[PDB]
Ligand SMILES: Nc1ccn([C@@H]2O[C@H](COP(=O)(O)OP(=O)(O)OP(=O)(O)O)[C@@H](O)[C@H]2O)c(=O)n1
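What follows is one chain in structure tokens, specifically the form deposited without this ligand.
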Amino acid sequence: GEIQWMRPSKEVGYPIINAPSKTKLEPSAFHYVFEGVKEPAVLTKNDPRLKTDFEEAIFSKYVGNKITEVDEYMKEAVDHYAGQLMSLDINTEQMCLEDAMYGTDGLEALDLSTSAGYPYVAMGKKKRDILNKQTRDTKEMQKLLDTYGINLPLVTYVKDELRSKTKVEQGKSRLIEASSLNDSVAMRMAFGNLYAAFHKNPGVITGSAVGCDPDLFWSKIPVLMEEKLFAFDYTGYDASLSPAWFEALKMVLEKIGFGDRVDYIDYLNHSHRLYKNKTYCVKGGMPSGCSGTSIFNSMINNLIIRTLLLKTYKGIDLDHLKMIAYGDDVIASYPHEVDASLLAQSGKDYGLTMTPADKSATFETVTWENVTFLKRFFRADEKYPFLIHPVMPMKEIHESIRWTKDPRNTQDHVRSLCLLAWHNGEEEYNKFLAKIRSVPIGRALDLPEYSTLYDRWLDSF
């Protein structure tokens, strides 16, 4: 990904975009009861905590485009992976406007909270106005698609979330690039069926984990995986993707019966976007807040791994590659051991920064005892070994609970955390509930006891 040019929006007929200058995150009732070193991300150029220019910091994720064309290795990766998706019988038909808008089996209805995008964000028009759950009306949207068309600029927002002390001081705040409602709708109509297929089939056939339920999915993973596991982390995956990877993605889509609408991928790839008073054009790099982003990143990750395997290890049998990706996150396996370090260097050739899995200083053997996926460890149940617990470290949970966006969401926010926490064992969980109940707010909450969660989990398979 690389910025081609940037400049004042007024010079090209675009209006300035107001972005919430204040963070919605504030110390929660549990701020001093649990330990955390995280603070709200930097949102404006003026934040006193900065130690380097804010504008440069946020855009520096656009490293450039290391590759131009789609080489032989990528092509075979495309063939192999396209070959697998082919077996799912993915409905190639387009999805109707109604389903694309209000959900259907396999696809949730448009999220009514996230940005409406341009020009709606500049008109003052919000989502709850364009649609509604009960009546499932499309007349309004239909009228708006005809009015402002598609392929509209993305609106770039600084993501309001928790970041480490360093990330704050270096202004390393992440960006959400909001897709226009129209684009969102169109893309959903175009690939709705593809998304549904993916959500209903997390595993080694889609090579995707998007939409999965970790409580249940964990127990299936090891079975699906080959003998020797391998993994690594990416640095700025989304922004590092070169146009060539999008081309490969288009090739896959084309091979699975989506040829007629690969144009949407160009839009993700080579787009035009708005940030405050500035307008800029980007070549390469996957925009975060667009329709299919997770799925497309995952598909690309499938092509990436294959490509590196093919280039690093001629003769490799991809039919024996068992991987599951969730965007840039990935768990992979092969019957034979592979050198992650060696793969990381082949990666650098395709504009990919690959480092040891889970910030280890050096590349080491990945085992079931140390591997993580979606920040979660894998731990067989002490009583029912065949059932695997997804284990989110308590540190993450403590960090999260120390803050709040909406005091009314406290109940759900804590409840959610518990559903994650209990997998750390009864003793750990009780200490957690104990701490929660050491403040009035926490005592007022309605939380599940350990035995409840455990029994429900056991019964769920």
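Start at 1 and count along the sequence shown; that's the residue number.
There is another form of this protein, the form solved in complex with this ligand, and it is not shown here; the text below is about that form.
Only one of the listed residues (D381, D99, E254, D238) places a non-hydrogen atom within 4.5 angstroms of this ligand in the bound PDB entry, and that residue is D238. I176 is the sole member of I176, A82, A344, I316 with a non-hydrogen atom within 4.5 Å of this ligand in the bound PDB entry. Contact with this ligand in the bound PDB entry, judged as any non-hydrogen atom within 4.5 angstroms, is confined among 168-176, 198-206, 366-374, 216-224 to 168-176. Looking at this ligand in the bound PDB entry, residues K22, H398 and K405 place no heavy atom within 4.5 Å of it. Contact check for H272: every heavy atom lies farther than 4.5 Å from this ligand in the bound PDB entry. Contact annotation for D183: none of its heavy atoms lies within 4.5 Å of this ligand in the bound PDB entry. The closest non-hydrogen atom of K283 lies beyond 4.5 Å of this ligand in the bound PDB entry. For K126, no non-hydrogen atom is located within 4.5 Å of this ligand in the bound PDB entry, even though that partner is not displayed. Taking this ligand as positioned in the bound PDB entry, the only residue of 323-338 that brings a heavy atom within 4.5 Å of it is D328.
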